[PDB]
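Read the structure below first, then the notes.
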Amino acid sequence: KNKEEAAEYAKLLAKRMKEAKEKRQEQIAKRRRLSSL
Amino acid sequence: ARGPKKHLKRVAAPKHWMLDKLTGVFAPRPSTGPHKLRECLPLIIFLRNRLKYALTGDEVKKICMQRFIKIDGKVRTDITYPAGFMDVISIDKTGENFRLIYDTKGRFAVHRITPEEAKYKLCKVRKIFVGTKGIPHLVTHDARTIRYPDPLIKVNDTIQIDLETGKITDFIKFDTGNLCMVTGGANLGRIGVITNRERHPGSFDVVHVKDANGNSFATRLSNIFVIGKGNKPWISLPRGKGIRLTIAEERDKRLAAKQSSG
Amino acid sequence: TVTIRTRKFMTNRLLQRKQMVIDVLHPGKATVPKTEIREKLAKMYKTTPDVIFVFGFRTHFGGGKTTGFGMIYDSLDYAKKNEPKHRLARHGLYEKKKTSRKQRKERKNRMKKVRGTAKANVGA
Amino acid sequence: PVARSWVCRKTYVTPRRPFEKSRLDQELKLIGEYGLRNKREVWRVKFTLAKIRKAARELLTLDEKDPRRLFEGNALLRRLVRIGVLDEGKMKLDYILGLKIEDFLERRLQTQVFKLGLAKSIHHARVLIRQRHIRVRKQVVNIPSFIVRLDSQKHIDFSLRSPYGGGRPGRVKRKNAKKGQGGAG
RNA sequence: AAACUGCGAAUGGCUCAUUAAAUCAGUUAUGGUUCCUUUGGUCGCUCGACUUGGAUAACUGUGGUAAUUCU
RNA sequence: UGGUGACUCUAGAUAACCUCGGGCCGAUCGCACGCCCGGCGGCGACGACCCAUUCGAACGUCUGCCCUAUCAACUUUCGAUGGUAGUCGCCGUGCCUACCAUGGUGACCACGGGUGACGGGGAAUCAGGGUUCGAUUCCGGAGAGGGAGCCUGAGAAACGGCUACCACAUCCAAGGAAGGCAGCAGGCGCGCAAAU
RNA sequence: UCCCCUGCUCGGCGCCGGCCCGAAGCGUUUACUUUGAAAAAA
């Protein structure tokens, strides 16, 4: 159960980190857009 | 004194137990458990004065030692175990479930639920903790330590957990517009919608909650329990819906009921 | 002409008994004893007249009404299991040792004075 | 630490002047006309009338459109109209102060039995009530100070276990009947 | 039965002698410490016997003291 | 990594320590029975270094106590005020040491004395304000003749626990032994005053 | 009786990068007055 819980939390944390990185890239692109406009 | 107390007086008791004045000297002091002393309901008090199944204190003990009382999917044999807010009381023999929900006034009430409702439990998270090896930990209001929660769970949020496993199913954020419950003080058991949250550094924060008919009140942040996403509660609400109608409409509806009944 | 009307009827699967409040109408006579109440509840509820246990009969001021409690059990084993002992002694199936508290306390102290096998010897 | 109540109060207030003339005159007139026993009863009725008047005065010093005023004032008015001392045409807060001691003493059970038409006099009415002869809604009353309500006035009659309303005779009738049987036999 | 072990004997009950910023009352803090028990988590995470040892109770037997819940 | 209004917070990595009066890492028990070629299994009890929670306890912060000037100045290397470094304590801190500077309170009543003073929630009287009481069933504090010291236990300076002093006091073959009803009944003394 | 005689970094709640409104952030300090919280039971 320790192995299963660690694997599940690792997968969910990877998904959350990917979503946060996508949000940060969207904010960087919008910052570039407002710098160009 | 020289140690911890072990007795509780009848007059020196919380009023929401709603005991009488002359049948004894001592009150049922609740045992140590998940909930506090003031905001709890013992199994002896509930099973003797609320459901009227037993008559004396021996008979409710004979009920409890037959393993017929279930709390959160677990059999509790303690006669004075503290059953607090949204504790699921299940009877296998008679076949019904209960959820401890406050009504409009400052007291507990008998509120039967479906068995499909009696498989989960809403609970408020208290603090965010990081364990020994960088593992996250979560502390709820009923002291149920949850290992590996979602990173989006913050301090003042709420979660729905599964009773037979002990895992987080889904969660509701704490923001403006969410339906909430007040737990403690003068405003207790009122269902309302959060509209504002004032910030006071170094002291207790205060929020503003609006009722279902335009009424408004204010409580502290520690007395706030979110029960739903928006205007839809996640559980079944008791009769009255926590509206706190004042004494004039109570008198008018009592007169109307006495006229229609006779 | 002594009628019986029931009130607040509620049954327990977890106690294997049915609790109710008995209202007894006996106008023009004294308070009726409990055994005819037991046979009348046996007659109306179609049960043997030995698992019915009634108590707490108070007569109203004026004469004619009597409100009391009574239970109907499923069987004799359940009636022997979860009941107070004094109702069983009233029906005559339980008896206790005829010693006072003073003799028991003095015997306990005298047994506490000694140690060993002679603790049973000094207690007689 | 014993489980008692220790809650009690006095129901009367003694007057300030112990030996006056006119006050003793109307107290004697009230006792003789209503058939009372002592000054404690009329002082008790005066005390409860004074308490009602004091509550009416402290609610009348208050302003209008106050919800607690409207609430317990309507509670007081419905109590005063259900007890039989007020009318529906005078359902106002000031009309409580116009009440008298005659209105409270007229709802006593003694004068209700006397004016109902089944007692010869008011002292005979007190003797009749005290010896368990009447009943109020299938319930006998052994006391004369039973302040009746407006909805319970038309239910007063003789009790079933009484020789006046049909029942077993008393002791002097049976004793004289047994003496007549002995003399005739 | 007895006796070893664990737990409770720090609760409850009685009284107002001392105590005049002392006690206590409302509001606050422990980010300056402890916490039996209950509840929940943790309890093959460490890289190195198919059950070990001898002492004492209860018991048996022999005694002292004028006397102790003595030994 | 994550949080607070704020860390010398939690977590991470590196180098070691790790107390023979010694941290954990199970040589415990009951019931129902078993599957599969000896090995492999469930529902409970007990114990557990820890972390959170619960009953708490403890020390602090702001404000509030009857009378008296025939009490006007008080305290201080026998700590009074503050600073540094330590001991001890479960922790903050003159709580205590060693060295420094002379500080701290007071007419807005310090300090000293008295109280027929346990404090409060409360009670009697009461137009309106006020005056008096609160030993007394609820909450908090103190004590078991009075001071003092301690074992065990998580929690006691415990007294229906122990150890010495004085006052009082029980039994004795005179060498010794044994005590604390301001617990429930009851007795003596006391007094106008209080029950089986 | 009813609306009016405090402003300079992100949104979204709208309109055409801009305006507007709402908010991170702030306004010489007090007493007084009104409301709200908490304020054991008896």
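Numbers below:
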read-out: Mean-position separation - Cα centroids, the range B:20-46 and the range B:71-143, in angstrom; value: 17 Å
read-out: Calculated from backbone phi, Karplus (6.51, -1.76, 1.60) coupling profile of the range D:155-161 in Hz, x at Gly/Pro; value: 10, 7, 8, 6, 6, 6, 8
read-out: Sites D:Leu116 and B:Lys6 - FRET efficiency at Förster radius 56 Å, r taken between beta-carbons, to 0.05; value: 0.35
read-out: Rounded tilt (10° steps) of C:34-45 against the dominant C-alpha axis of chain C; value: 60 degrees
read-out: Kirkwood Rh and Cα Rg combined as Rg/Rh, chain B; value: 0.98
read-out: Convex hull of Cα atoms in the range D:1-138, direction-averaged projection (nm²); value: 13.8 nm²
read-out: Three-way shape label, the range B:174-244, alpha-carbon gyration tensor, a/c 1.5; value: prolate
read-out: 222 nm mean residue ellipticity, helices alone, for the protein assembly as shown (DSSP H n ≥ 4; -39,500 (n - 2.57); rounded to 500); value: -10000 deg cm²/dmol
read-out: Total formal charge among the other residues, if their Cβ is under 13 angstrom from that of B:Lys119, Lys/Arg +1 and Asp/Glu -1; value: -1
read-out: Crossing angle, helix C:101-113 versus chain C [Cα axis fit, 0-90 degrees, rounded to tens]; value: 30 degrees
read-out: Amide H within-cut-off set for B:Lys167, under 5 Å, with H built and near neighbours excluded; value: B:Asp162
read-out: P(r) of the range C:1-98 over all Cα-Cα pairs, binned every 5 Å from zero, in whole percent; value: 3, 12, 23, 24, 18, 11, 6, 3, 0
read-out: Residue (of B:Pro201, C:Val54, B:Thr145) at the positive-pole extreme of the protein assembly as shown, dipole from beta-carbon charges; value: C:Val54
read-out: Local electrostatic count at C:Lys18 - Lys and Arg +1, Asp and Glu -1, tallied over other residues with Cβ under 12 Å; value: +2
read-out: Centroid-to-centroid separation of the range D:72-95 and the range C:1-19 [C-alpha atoms, Å]; value: 43 Å
read-out: Dipole axis of chain B (+1 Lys, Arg; -1 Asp, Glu on Cβ), positive-most option in B:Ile44, B:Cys180, B:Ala212; value: B:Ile44
read-out: Burial order of peptide ranges B:227-239, D:55-67, B:117-129 (average beta-carbon count within 10 Å, highest first); value: B:117-129, B:227-239, D:55-67
read-out: Chain C: most fluctuating residue of C:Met44, C:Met20, C:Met111 per GNM, C-alpha cutoff 10 Å; value: C:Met111
read-out: The range D:32-94, Cα convex hull volume normalised per residue, Å³; value: 102 Å³
read-out: Sequence-distant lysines (8 or more away, or on other chains) whose Cα lies within less than 20 Å of B:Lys210; value: B:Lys105, B:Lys173, B:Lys229, B:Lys232, B:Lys241
read-out: C-alpha center-to-center spacing [the range C:28-87, the range C:95-118] in angstrom; value: 38 Å
read-out: Of D:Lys100/D:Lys120; C:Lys40/D:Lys173; B:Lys36/B:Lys154; A:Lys15/B:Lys74; B:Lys61/B:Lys93; D:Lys21/D:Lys51, those spanning more than 28 Å from alpha-carbon to alpha-carbon; value: C:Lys40/D:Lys173; A:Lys15/B:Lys74
read-out: Pairwise FRET efficiency - D:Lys138 versus B:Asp170, Cβ, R0 = 45 Å, nearest 0.05; value: 0.15
read-out: Where labels lie 7 Å past Cα in the beta-carbon direction, separation of A:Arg16 and C:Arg101 in nm; value: 6.3 nm
read-out: The protein assembly as shown - Debye-derived log10 I(q)/I(0), Cα point model, q = 0.06, 0.09, 0.10 Å⁻¹; value: -0.59, -1.11, -1.24
read-out: Net +/- balance of residues flanking A:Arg31 in space, Cβ distance below 13 Å, scoring K and R +1, D and E -1; value: +4
read-out: Cα principal axis extents for the range B:121-171, largest first, Å; value: 28, 23, 19
read-out: Top of B:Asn97, B:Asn196, B:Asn215 by mean-square fluctuation, Gaussian network on chain B, Cα under 10 Å; value: B:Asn215
read-out: Scattering curve values for the range B:70-213, log₁₀ I(q)/I(0), Debye with Cα scatterers, q = 0.11, 0.18 Å⁻¹; value: -0.51, -1.25
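Throughout, read-outs are computed from the coordinates displayed, never taken from laboratory work. Neighbour counts are summed over all protein chains in view; Cβ atoms, including those assigned to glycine, are modelled from backbone coordinates with ideal geometry.
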